[PDB]
Amino acid sequence: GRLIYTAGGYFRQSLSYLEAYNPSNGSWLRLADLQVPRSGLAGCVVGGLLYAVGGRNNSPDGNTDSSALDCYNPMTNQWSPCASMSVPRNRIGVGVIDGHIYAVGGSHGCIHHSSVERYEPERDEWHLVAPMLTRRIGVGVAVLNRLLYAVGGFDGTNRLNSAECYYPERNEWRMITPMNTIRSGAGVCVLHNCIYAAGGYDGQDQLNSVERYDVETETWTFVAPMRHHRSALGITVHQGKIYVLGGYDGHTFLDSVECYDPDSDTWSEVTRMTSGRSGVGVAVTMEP
Ligand SMILES: CCCc1ccc(S(=O)(=O)Nc2cccc(-n3ncc(C(=O)O)c3C3CC3)c2)cc1
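Have a look at this one:
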């Protein structure tokens, strides 16, 4: 695509902002708000359409977990509702495989989901698949070689360094090598042949460390850390570079945006969001 879209988030309350960043010229764009404010959501893209999944509206009028799926069309600058998931999923992970959207984990009140479900846009229908082996909220999710990985999170009692992989043709979950660090609410994405896990919360401190899982060697390896410790961040990939947006560093809701270049193994600050916020959903698609 061309732009990095950030949707929703949290600062004092849940937010409805949809803002698009252009790495080519540095410009931010404010776009049509979400119909319902929501933090802890996840974003993804299918067929050029942006999708916001799950989350939670923390508002003075109350707190409502979201089972909602909403579709933004850059061509029209409009949000359309889609079929809702089987359950509310706050602090959700999502991954796209073969044009289908996998919703992973999340919480519904004090319920910490291990359930997983799949959305087929061509039929506007969700269907439950095999549940993970672990309850995970604040779970990182990524797709590599058409395999779905759930990384870290919180299972209702402990933050996790564990990770697992879902094989669709077998409808099966299997544990993989655990991370060297406990991370909940981390940013997880894919670059080349590696699953990157960045930041998060280990139970005591917000993390700036970053590690990556090589699916061939089945090993986790730390890389250069981010400039800012940060949890509940948005993460995406643009032109073979990782972008991490916002988060919470234990003192401030960050408007910082960092960019990781894997050839030099260096992070650099590339811009600031229009305001500090955590728990955004992030994806990449064409300009509107
Ligand atoms: C002082 C207030 C701190 C705060 C931070 C984030 C959010 S938020 O609105 O961005 N919510 C959200 C989003 C994505 C993940 C998570 N998440 N999930 C599990 C855990 C954990 O700590 O174990 C976390 C926590 C570590 C992030 C939560 C609201 C408030």
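All letters in the sequence shown, in the order written, are residues 325 to 612 by PDB author numbering. Heads up, the beta-carbon is just placed ideally off N, CA and C, and yes, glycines get one too.
Problem set entry | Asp448 versus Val568: straight-line alpha-carbon distance, rounded | 30 Å
Exercise. Smallest Cα separation from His437: which of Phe478, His451, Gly325?
Worked result: Ranking the options by Cα distance to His437, first place goes to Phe478.
Exercise. Can you tell which of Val514, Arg551, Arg536 has its C-alpha closest to the C-alpha of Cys583?
Worked result: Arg551 is the residue among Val514, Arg551, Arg536 whose C-alpha sits nearest the C-alpha of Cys583.
Exercise. Would DSSP call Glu343 helix, strand or coil?
Worked result: Note: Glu343 maps to strand in three-state DSSP.
Problem set entry | C-alpha distance - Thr595 paired with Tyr345, whole-angstrom precision | So the alpha carbons of these two residues sit roughly 9 Å apart.
For this session: Go through the residues and name those whose CB comes closer than 6 Å to any heavy atom of ligand 1, in chain order.
Result: Those residues are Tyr334, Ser363, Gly364, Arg415, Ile461, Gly462, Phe478, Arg483, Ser508, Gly509, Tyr525, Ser555, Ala556, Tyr572, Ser602, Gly603, given in chain order.
Problem set entry | Boundaries (first-last residue) of the beta strand (DSSP E) holding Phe546 | 543 to 546
Exercise. Where do the N-terminal and C-terminal ends of the beta strand (DSSP E) with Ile328 fall, by residue?
Worked result: 327 to 331
For this session: Take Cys513 and list the residues in its own chain whose beta-carbon comes closer than 7 Å to its own, dropping the five residues that flank it on each side.
Result: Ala466, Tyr520, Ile559, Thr560, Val561, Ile566
For this session: Answer yes or no: the CB of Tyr345 versus the heavy atoms of ligand 2, is any distance below 6 Å?
Result: Of the ligands this structure carries, namely ligand 1, none is ligand 2.
Exercise. Would the stretch 454 to 465 and the stretch 473 to 487 be scored as touching if the rule is three or more Cβ pairs under 8 Å?
Worked result: yes
Exercise. Should the stretch 600 to 607 be called in touch with the stretch 325 to 345, which here means at least 3 C-beta pairs below 8 Å?
Worked result: yes
Exercise. What does DSSP give as the partner residues of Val370 in its beta bridges?
Worked result: For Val370, which the question treats as bridged, DSSP gives the partners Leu373.
Exercise. With which residues is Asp585 paired in a DSSP beta bridge?
Worked result: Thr590
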